[PDB]
């Protein structure tokens, strides 16, 4: 009686992570499905491949299905990942033969946005749940892209707060930019998906979600269903910073990380370093071979590098979830990629938001609206002052600490028994039996 479901992931670490979390959750109680996880190969980065094989090693019950799509040749002035995304969207029409061979016959697919057109035209009788990896707020923008036909005036979707022009990726106004092309092709088929799953929870984006599900946006979207707080994955490889964290005072450490996609120049990193050193706060900072200091000594110079190392840790990689969950961490300076927002929210960690792109600026606004954090809109205009001023607020202001804590309590409730997200996901799986 146990449903066989397919999780159809795309490319790029930020998009794979929630799909791996979802596959893990569905293969486990209380869902207890048989899960086939589809991987698009070949993988673009070594990090992606590393994380996937580690996932299957630690989740032996989940079946791996490789979907080979030829890598496109690189082009001058075209983002490699966009070319890869486009490659993947263009091959989704091939999925039917591969998904139909699976045994036992599958009950549903949970798919990346890039597969939407392929799945919903070629497999119209199979429930397809489109799983977006962004905020409900930014997803709404993406679904409206076919209707953008003013390149420089805010976009007003009915029932939602307008999207200011400087938070919209400028490609969105050119129908033939490569990113816009596969965005339009797949958003045009959202109407045929059984639902849109979002890694968010009702109390985190209540006005966006109620507007979407009341009909106010006047879209033909299916129901938009928050399923998050998604449970994060156990990494066997242990975090070498947890004993050091155990010796810092509660809520005294600022965690600094700008994601997989960071667009920060050496000069920006240097000013951030100068700013953190002047703040004298303790910190863990992911900058950019894990044991190499030499680049950091070159970047900061010896005196600043040593002053920074007296108070914090400059590292290449951490188990983010383990760091954010530690009692000693009092704040999170983040680019506001949606995975990092959700992880932080799950832990009630106040966020200082320095977004770099369009979806991150919208996510930063969601973070501020929920009381999870504060968005420094012009952080790039004065990096040292922005960090000196706001770190003392992120780590000392009791109102933001208490509102971020309530966000964490609501995030825990949502993914607990009877929570709004757990119920939603259980009703989907129950509908398959």
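Positions refer to the first chain, counted from 1.
Peer 1: Do a third or more of the other compared PDB entries fail to give coordinates for residue 291?
Peer 2: yes, residue 291 frequently unmodelled elsewhere, at least a third of entries.
Peer 1: Does the comparison with other entries of this protein show residue 150 left unmodelled in at least a third of them?
Peer 2: That residue is missing from at least a third of the other compared entries.
Peer 1: If the chain runs straight from residue 106 to residue 107, say none; otherwise bin the unmodelled deposited residues as 1 to 3, 4 to 9, or 10 or more.
Peer 2: In the deposited sequence, nothing is left without coordinates between these two.
Peer 1: What number of residues from the deposited sequence go unmodelled in the gap from residue 288 to residue 289, classed as none, 1 to 3, 4 to 9, or 10 or more?
Peer 2: The entry has a gap there, with 4 to 9 residues left out between residue 288 and residue 289.
Peer 1: Looking at the deposited entry, does 225 to 233 or 317 to 325 carry the larger mean Cα B-factor?
Peer 2: Averaged over C-alpha atoms, the B-factors run higher in 225 to 233.
Peer 1: With reference to the PDB entry, specify whether the mean Cα temperature factor is higher for 185 to 193 or for 254 to 262.
Peer 2: If you average the C-alpha B-factors of 185 to 193 and of 254 to 262, the larger mean comes out for 254 to 262.
Peer 1: Highest recorded C-alpha temperature factor, please, choosing from 331, 348, 159, 301.
Peer 2: Top of the list by C-alpha B-factor: 159.
Peer 1: According to the deposited entry, which of 218, 274, 306, 341 has the largest Cα B-factor?
Peer 2: Within the set 218, 274, 306, 341, 218 shows the top C-alpha B-factor.
Peer 1: What third of the chain, by the recorded C-alpha B-factor, contains residue 356?
Peer 2: It belongs to the highest third of the chain when residues are ordered by C-alpha B-factor.
Peer 1: For residue 283, return the chain-relative third of its C-alpha B-factor as stated in the PDB record: lowest, middle or highest.
Peer 2: Ranked within chain, residue 283 CA B lands in the lowest tercile.
Peer 1: Ranked by Cα temperature factor within the chain, is residue 410 in the lowest third, the middle third or the highest third?
Peer 2: Within its chain, residue 410 is a lowest-third residue by C-alpha B-factor, going by the deposited values.
Peer 1: If you rank every modelled residue in this chain by C-alpha B factor, which third holds residue 198: lowest, middle or highest?
Peer 2: Within its chain, residue 198 is a lowest-third residue by C-alpha B-factor, going by the deposited values.
Peer 1: Would the CA B-factor of residue 116 place it in the lowest, middle or highest third of its chain?
Peer 2: As the PDB entry reports it, the C-alpha B-factor of residue 116 lands in the lowest third of its chain.
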